[PDB]
There are 2 protein chains.
Amino acid sequence: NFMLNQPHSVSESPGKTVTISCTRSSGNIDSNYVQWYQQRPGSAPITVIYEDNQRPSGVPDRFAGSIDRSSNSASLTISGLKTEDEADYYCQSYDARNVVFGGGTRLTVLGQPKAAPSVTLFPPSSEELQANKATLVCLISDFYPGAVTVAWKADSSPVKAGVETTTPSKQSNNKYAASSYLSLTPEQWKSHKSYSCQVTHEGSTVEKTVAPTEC
Amino acid sequence: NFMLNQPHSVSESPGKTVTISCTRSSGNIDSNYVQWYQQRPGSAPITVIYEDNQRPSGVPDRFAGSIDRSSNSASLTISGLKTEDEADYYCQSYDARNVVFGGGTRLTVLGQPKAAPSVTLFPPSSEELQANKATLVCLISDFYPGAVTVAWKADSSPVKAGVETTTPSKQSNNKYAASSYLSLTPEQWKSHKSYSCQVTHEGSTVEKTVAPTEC
Ligand SMILES: CCN(CC)c1ccc2c(C)c(CCOC(=O)NCc3cccc(-c4cnc[nH]4)c3)c(=O)oc2c1
């Protein structure tokens, strides 16, 4: 039960080349066969590569799979980008028994200029505390492409439980907005020195921190 | 070069049994293993059946796979149907020359109960005021069905500029979440006694109010 690690997102303009990596965690990449699946928004998945570099019939020559043994990774390289190439791409391999999927990479064929997110982190409101709630909100607006990943820290430990993040939506300025909220009890919020929201967009990561003591 | 044919959609009410078929166009259904995947929109898919009828751990035993050699099909049967089973389901098999997916079945669970939204209004953070911004966020969560309308007030008067509301998205609890944010200047925020966010859902309105606080 090993892991395959893919970038969360990639972008390029029409006619360019883009590459999506898939790094094996503990194992030997050439030990087992890697597949690549395309999923366009609102569509069924489609095999574009099997057995590391084989193209199914009807998949164009612009899709190419490869293996790097020294880096222990698989790559999908797409040349001559077209707007229809915009989709989620997932790598997949095998152990002695086990099937392992990568977490997926969103490929945007740029339809507008790139824009980095505005990120604002809010501490609990006085009113929700009296309701025994210490929900923190991380507002993420004015970004393009519409792909972000959010990670929360309690002090400096990753927080797993309590996190929700909305699907990015296009706003009146034609850029995306989303919010992530962490549903703390007041006891959990007071019991730490600070909490942090990390937002990754186009592989650039920003971090904001709030604390019970900040006046 | 065979195809797998599943219904586009199916609907059923809670506690009932639903069946999703997957018909192989050419060759025998039993010549290659069939997998079933569940996918909630915004999320990556999960494996619910492999090798025709094997369940990974963490998959409820309410999920069962089978083969019918005579109708040349595979079936996913979900018994004791629950709201969280609402999702897209894909079958998948092998061509030796390809990995083949069905077209996907969107399963609708009927008769989900109305749920009123939780509404939390956050005043500007100290850090954004120091960067000359006074954005308010109104976090709206746990509502069903997935539509609200938001109106903002400055003192008692309607706000007509600077409001954005995200498109509601279904969260892990199968209820919807959205944020409305009002992009104020520090001057606008301090020149009023309060701002209010008013959320309407299925005829009921909830109103929350925040005021500049003297730190
Ligand atoms: C769109 C492409 N696609 C096909 C529907 C994906 C795309 C991504 C995924 C991911 C990330 C997971 C979660 C991680 O799953 C795994 O690593 N393995 C799944 C699994 C678990 C147990 C048994 C099997 C299995 C399948 N055949 C034999 N054994 C597979 C997953 O389970 O399924 C995925 C399917």
# chains A, B, ... in the order shown; residues from 1 in each chain; ligands from 1
$ residues_around --residues "residue 112 in chain B" --least-positions-apart "6" --cutoff "9 Å" --atoms "only C-alpha atoms" --output "list in words"
residues 13, 14, 83, 144 and 145 of chain B
$ residues_around --residues "range 57-67 of chain A" --least-positions-apart "6" --cutoff "8 Å" --atoms "only C-alpha atoms" --output "VMD selection string"
chain A and resid 29 to 30 48 to 49 73 to 80
$ write_last_selection --atoms "N, CA and C atoms" --output "PDB file, in the first residue's frame"
ATOM      1  N   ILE A  29       9.739   2.175  -9.606  1.00  0.00           N
ATOM      2  CA  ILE A  29       8.717   2.641 -10.601  1.00  0.00           C
ATOM      3  C   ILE A  29       8.648   1.635 -11.759  1.00  0.00           C
ATOM      4  N   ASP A  30       9.783   1.144 -12.271  1.00  0.00           N
ATOM      5  CA  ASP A  30       9.778   0.234 -13.450  1.00  0.00           C
ATOM      6  C   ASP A  30       9.390  -1.177 -12.998  1.00  0.00           C
ATOM      7  N   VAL A  48      -5.834   7.363 -21.593  1.00  0.00           N
ATOM      8  CA  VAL A  48      -4.936   7.976 -22.612  1.00  0.00           C
ATOM      9  C   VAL A  48      -3.588   7.235 -22.660  1.00  0.00           C
ATOM     10  N   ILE A  49      -3.140   6.587 -21.578  1.00  0.00           N
ATOM     11  CA  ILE A  49      -1.904   5.761 -21.564  1.00  0.00           C
ATOM     12  C   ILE A  49      -2.137   4.499 -20.720  1.00  0.00           C
ATOM     13  N   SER A  73       9.868   7.996 -11.019  1.00  0.00           N
ATOM     14  CA  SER A  73       8.564   8.606 -11.402  1.00  0.00           C
ATOM     15  C   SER A  73       8.140   8.220 -12.829  1.00  0.00           C
ATOM     16  N   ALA A  74       6.824   8.298 -13.070  1.00  0.00           N
ATOM     17  CA  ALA A  74       6.127   8.306 -14.377  1.00  0.00           C
ATOM     18  C   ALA A  74       5.769   9.750 -14.781  1.00  0.00           C
ATOM     19  N   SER A  75       5.721  10.050 -16.078  1.00  0.00           N
ATOM     20  CA  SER A  75       5.213  11.350 -16.593  1.00  0.00           C
ATOM     21  C   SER A  75       4.270  11.145 -17.776  1.00  0.00           C
ATOM     22  N   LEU A  76       3.225  11.963 -17.824  1.00  0.00           N
ATOM     23  CA  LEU A  76       2.385  12.197 -19.021  1.00  0.00           C
ATOM     24  C   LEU A  76       2.779  13.554 -19.599  1.00  0.00           C
ATOM     25  N   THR A  77       3.211  13.578 -20.855  1.00  0.00           N
ATOM     26  CA  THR A  77       3.570  14.826 -21.556  1.00  0.00           C
ATOM     27  C   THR A  77       2.543  15.042 -22.655  1.00  0.00           C
ATOM     28  N   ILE A  78       1.907  16.204 -22.672  1.00  0.00           N
ATOM     29  CA  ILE A  78       0.911  16.559 -23.718  1.00  0.00           C
ATOM     30  C   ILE A  78       1.469  17.739 -24.527  1.00  0.00           C
ATOM     31  N   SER A  79       1.717  17.519 -25.821  1.00  0.00           N
ATOM     32  CA  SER A  79       2.211  18.525 -26.800  1.00  0.00           C
ATOM     33  C   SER A  79       1.034  19.173 -27.485  1.00  0.00           C
ATOM     34  N   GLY A  80       1.245  20.335 -28.091  1.00  0.00           N
ATOM     35  CA  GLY A  80       0.217  20.974 -28.932  1.00  0.00           C
ATOM     36  C   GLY A  80      -1.110  21.106 -28.203  1.00  0.00           C
TER      37      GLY A  80
END
$ calpha_fit_rmsd --fixed "chain A" --moving "chain B"
12.7 Å
$ interface_residues --of "chain A" --to "chain B" --cutoff "9 Å" --atoms "only C-alpha atoms" --output "NGL selection string"
:A and (35 or 42-47 or 49-50 or 54-57 or 103-104 or 120-125 or 127-128 or 135 or 137 or 139 or 164-172 or 176-179 or 181 or 214-215)
$ closest_residue --among "B:9, B:23, B:17, B:53" --to "ligand 1" --atoms "only C-alpha atoms and all ligand atoms"
B:53
$ closest_residue --among "A:37, A:203, A:197, A:109" --to "ligand 1" --atoms "only C-alpha atoms and all ligand atoms"
A:37
$ select_by_dssp --residues "range 85-169 of chain B" --states "alpha helix (DSSP H)" --output "VMD selection string"
chain B and resid 126 to 130
